[PDB]
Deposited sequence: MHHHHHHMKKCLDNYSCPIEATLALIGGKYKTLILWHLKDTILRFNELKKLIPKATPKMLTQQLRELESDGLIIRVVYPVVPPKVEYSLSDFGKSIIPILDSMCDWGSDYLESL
């Protein structure tokens, strides 16, 4: 099919704050509180729901109690797409 693969990609990372969550998690790992401070305008429950959906799809790893979020290996496999999205957005902003 022509569009089924990109529709899968979008199911996995198109969700509000998901691509941002993965961006901020590349090469570092963070608490719930740190991530929500990096992404204002996000109801705690919304951020939790997005992180749980990502962990369930296997893109992030979740392992006084501390929980910290990491990128899985398969989650690191998206970083080049994220880097190109960054470079494209940088072109757009520097050209304004």
| query | Deposited sequence versus model: which ranges have no CA atoms? | reply | 1-13, 77-81
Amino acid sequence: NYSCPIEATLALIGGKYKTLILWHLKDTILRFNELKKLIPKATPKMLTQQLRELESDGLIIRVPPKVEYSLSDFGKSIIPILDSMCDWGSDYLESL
From here on, numbers count along this sequence of modelled residues.
| Mean Cα B-factor comparison, 84-92 or 71-79, giving the higher one as deposited | 71-79
